[PDB]
Structures are given as structure tokens and as C-alpha cells.
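Colleague: A single structure is presented below for examination.
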Amino acid sequence: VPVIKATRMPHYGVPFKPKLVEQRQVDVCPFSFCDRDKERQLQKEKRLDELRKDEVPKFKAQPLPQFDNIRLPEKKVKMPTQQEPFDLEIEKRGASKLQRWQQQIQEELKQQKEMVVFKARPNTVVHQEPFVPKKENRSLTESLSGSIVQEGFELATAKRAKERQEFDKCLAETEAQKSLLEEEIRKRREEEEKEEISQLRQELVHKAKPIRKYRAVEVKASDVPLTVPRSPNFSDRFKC
């Protein structure tokens with residue numbers, strides 16, 4: 001079944017892709033934060049803190065950490081990922097490709113910027129990708145709580161000033177609802193065109209190795225562009 005409820009261990013090197021992340025439905029997919037971060041733990045946790053560069057998000061992206069979140073040790077990629085563009089969290093490849101990473105995990109979301117920002121300070125680990133509270137969304141204090149200094153959905157420092165009255169206290173949690181869901185799901189409620197944008201419009205997101213990322217045929221997925229698995233140490237494409 002396409003369910004997260006993933007075991008803790010290296011993200012890209014934890015159960016990868018049964019198919020879809022936990023639900024595959026904005027109504028029964030918590031990346032909400034009334035009190036459902038607890039299941040969501042899995043997604044948030046893995047790359048953030050210690051791997052504090054640019055959150056490879058709490059995946060509302062492709063399935064439970066399949067390729068996403070921390071780094072991939074050479075002794076953990078015992079089993080291969082199923083279907084993905086990149087499994088570039090990969091110490092070789094990936095972490096190097098990590099600059100290129102920014103395009104796919106970002107671009108499926110309209111907003112994008114220098115992610116090897118939003119984790120280099122106190123709670124700036126809540127960009128519209130890692131977005132949840134608790135110890136991280138302490139607000140947007142005074143000197144260095146990490147306002148999202150980068151923009152989070154809106155929630156960068158200075159991008160408080162005009163917005164503050166309707167913004168923070170009232171809209172910020174509802175802001176959070178549109179946030180994370182908007183990223184990779186990119187749907188909100190209607191318009192499936194918003195989804196499958198990662199491949200289709202311009203986003204020559206990863207020119208890596210030709211990926212039949214051409215999900216326009218086995219559109220039966222989720223949050224991930226139906227991408228053929230990236231090849232590891234085989235020159236021949238993983239297809240054959």
C-alpha cells in the first residue's frame with residue numbers, strides 16, 4: 001500500500017516507494033498542523049537538523065523518504081529506489097547534484113529561492129517545505145529565531161511588515177495549510193494541471209540522465225512525476 005508510516009533510518013535508504021506517500025489525497029494527508037504533525041514526523045525529521053543545508057522536505061513530495069531528506073551512506077543503499085527522477089540525496093551524485101536538486105523539489109512549488117539558506121540559523125527550518133511548528137515555528141521573533149530567512153510561504157522576516165496584522169497570528173496557521181500542500185501536491189482543491197507541472201512546462205528540472213519522467217502515460221501516481229529510476233553504477237538505463 002502507498003503508505004508512509006516509515007521506519008527511522010537514512011531517508012534515502014528507508015522504505016522508498018510503495019507507490020504514493022501516506023495518503024495521496026489532500027483531505028487525508030496531514031501536512032496540516034492542528035495536531036497531525038505527529039504522523040508527519042517522519043517527513044520533517046530526517047534531513048533537517050543535522051543535515052541542516054536546504055530541507056529535502058517533509059515529503060508531501062514523492063513517497064516516504066525514498067530518495068528524499070538526508071544523505072545516503074554507501075552502506076545503506078543496500079536496496080534500490082523504485083521510481084524517481086533523482087535519488088539525489090546521494091553523497092556522490094546527489095549531494096553534489098543538490099544544487100540541481102533545488103529545481104525539482106522547489107519548482108513543483110511556484111515559489112523558489114536559495115534553499116541553502118532556510119537551514120542556517122535558529123528555526124529557519126521552516127520554509128514552506130519543512131514547515132511545521134513545535135520547536136521550529138517559534139515565531140518571528142526579534143533577533144534570530146529564524147524567521148524564514150528565505151521566504152517560507154510568506155513568512156520571511158521583513159516580509160512580515162505589511163502582512164503582520166492579518167498575517168501572523170490569524171492567517172499563519174491557515175498559511176501553513178496552503179504552504180506545504182501547495183509545494184509538491186500543487187493542487188489545493190481543484191485544477192489537476194497544477195500538479196504534473198514538475199515535468200511539463202519549462203522546468204528542465206533535471207537534464208541528468210534521460211528519465212522517462214514522461215509521466216504523461218502512467219499518470220496514476222501521486223506527488224512524484226512518474227520517473228524511471230535513476231541509474232546508479234550501470235551505464236545502461238535502469239529500464240534494461
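Lettering and numbering for the C-alpha cells are positional, with chains as A, B, ... in the shown order, residues counted from 1 in each chain, and ligands counted from 1 in the shown order.
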Quick one: contact table of segment 18-90 of chain A to segment 97-101 of chain A, 9 Å max, nearest atom pair and distance in Å to one decimal per residue, counting only C-alpha atoms, chain and number order, as a tab-separated table?
Modeller:
residue	atom	partner	partner_atom	distance
A:54	CA	A:98	CA	8.7
A:56	CA	A:101	CA	8.7
A:86	CA	A:101	CA	8.1
A:88	CA	A:97	CA	6.5
A:89	CA	A:98	CA	7.0
A:90	CA	A:97	CA	8.4
Colleague: Using only C-alpha atoms, which residues sit within 7 Å of residue 61 of chain A once same-chain residues fewer than 4 positions away are excluded, as a compact mmCIF listing (two decimals) with N, CA, C and O atoms, in the first residue's frame?
Modeller:
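Result written to around09.txt:
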# COMPACT_ATOMS: atom_id res chain seq x y z
N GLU A 184 4.60 20.42 -3.33
CA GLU A 184 4.67 19.28 -4.25
C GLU A 184 3.29 18.84 -4.73
O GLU A 184 3.11 18.50 -5.91
N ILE A 185 2.24 18.86 -3.85
CA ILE A 185 0.93 18.47 -4.34
C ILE A 185 0.48 19.42 -5.42
O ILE A 185 -0.03 18.98 -6.45
N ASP A 223 2.34 12.37 -5.83
CA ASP A 223 3.11 13.59 -5.67
C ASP A 223 4.40 13.60 -6.49
O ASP A 223 4.98 14.66 -6.73
N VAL A 224 4.79 12.41 -7.00
CA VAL A 224 6.02 12.24 -7.77
C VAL A 224 5.74 12.17 -9.26
O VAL A 224 4.79 11.52 -9.69
Colleague: Near residue 19 of chain A, within 8 Å and counting only C-alpha atoms, which residues show up once chain neighbours fewer than 4 positions away are dropped, as a PyMOL selection string?
Modeller: chain A and resi 1-3+63+221-222
Colleague: Could those selected residues go to a file with N, CA, C and O atoms, as a PDB file, in the first residue's frame?
Modeller:
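What landed in again_7.pdb:
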ATOM      1  N   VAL A   1       0.851  -1.222   0.000  1.00  0.00           N
ATOM      2  CA  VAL A   1       0.000   0.000   0.000  1.00  0.00           C
ATOM      3  C   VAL A   1       0.863   1.239   0.000  1.00  0.00           C
ATOM      4  O   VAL A   1       1.963   1.256   0.553  1.00  0.00           O
ATOM      5  N   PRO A   2       0.352   2.296  -0.598  1.00  0.00           N
ATOM      6  CA  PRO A   2       1.066   3.568  -0.687  1.00  0.00           C
ATOM      7  C   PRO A   2       1.025   4.335   0.603  1.00  0.00           C
ATOM      8  O   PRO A   2       0.425   5.395   0.696  1.00  0.00           O
ATOM      9  N   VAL A   3       1.643   3.750   1.638  1.00  0.00           N
ATOM     10  CA  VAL A   3       1.630   4.370   2.960  1.00  0.00           C
ATOM     11  C   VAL A   3       3.009   4.745   3.532  1.00  0.00           C
ATOM     12  O   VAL A   3       3.834   3.882   3.809  1.00  0.00           O
ATOM     13  N   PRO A  63       6.877   9.623  -2.500  1.00  0.00           N
ATOM     14  CA  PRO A  63       6.624   8.783  -1.311  1.00  0.00           C
ATOM     15  C   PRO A  63       7.559   8.975  -0.142  1.00  0.00           C
ATOM     16  O   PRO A  63       8.554   9.685  -0.230  1.00  0.00           O
ATOM     17  N   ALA A 221      -0.076   8.359 -10.523  1.00  0.00           N
ATOM     18  CA  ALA A 221       0.673   8.343  -9.278  1.00  0.00           C
ATOM     19  C   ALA A 221       0.081   9.328  -8.280  1.00  0.00           C
ATOM     20  O   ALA A 221      -0.553  10.312  -8.665  1.00  0.00           O
ATOM     21  N   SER A 222       1.201   9.966  -7.716  1.00  0.00           N
ATOM     22  CA  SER A 222       0.818  10.880  -6.642  1.00  0.00           C
ATOM     23  C   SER A 222       1.373  12.270  -6.828  1.00  0.00           C
ATOM     24  O   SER A 222       2.068  12.561  -7.805  1.00  0.00           O
TER      25      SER A 222
END
Colleague: Of the candidates A:197, A:155, A:4, A:240, which one gets nearest to residue 104 of chain A if we count only C-alpha atoms?
Modeller: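 Ranked by minimum distance to residue 104 of chain A, first place goes to A:197.
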Colleague: Could you check the closest approach to residue 42 of chain A for each of A:14, A:72, A:116, A:219 and tell me which residue wins, using only C-alpha atoms?
Modeller: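 Closest residue, counting only C-alpha atoms: A:14.
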Colleague: Can you pull out the residues contacting residue 154 of chain A? Cut-off 9 Å, using only C-alpha atoms, and skip same-chain residues under 4 positions away; I want them as a list in words.
Modeller: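 Here the answer would be residues 128, 148, 159, 160, 163, 167, 172, 175 and 179 of chain A.
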Colleague: Using only C-alpha atoms, which of A:48, A:79, A:158, A:29 sits nearest residue 17 of chain A?
Modeller: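 Once distances to residue 17 of chain A are computed over only C-alpha atoms, the minimum belongs to A:79.
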Colleague: Pick out the residues sitting within 10 Å of residue 220 of chain A, and hand them over as a PyMOL selection string; count only C-alpha atoms, and ignore anything fewer than 4 positions along from it in its own chain.
Modeller: chain A and resi 19-20+215-216+225-226
Colleague: Given only C-alpha atoms as the basis, pick out the residue of A:16, A:28, A:121, A:22 nearest to residue 69 of chain A.
Modeller: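 Closest to residue 69 of chain A, using only C-alpha atoms: A:16.
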Colleague: Determine, counting only C-alpha atoms, which protein, DNA and RNA residues have an atom within 12 Å of an atom of residue 190 of chain A; residues of the same chain fewer than 5 positions away are not included. Present the result as a PDB file with C-alpha atoms, in the first residue's frame.
Modeller:
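File produced: around.pdb:
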ATOM      1  CA  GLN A  25      -5.238  12.936  -1.194  1.00  0.00           C
ATOM      2  CA  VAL A  26      -5.206  16.441   0.197  1.00  0.00           C
ATOM      3  CA  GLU A 182       0.929  23.827  -2.276  1.00  0.00           C
ATOM      4  CA  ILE A 185       0.934  18.468  -4.339  1.00  0.00           C
ATOM      5  CA  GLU A 195       0.092  19.036 -10.301  1.00  0.00           C
TER       6      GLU A 195
END
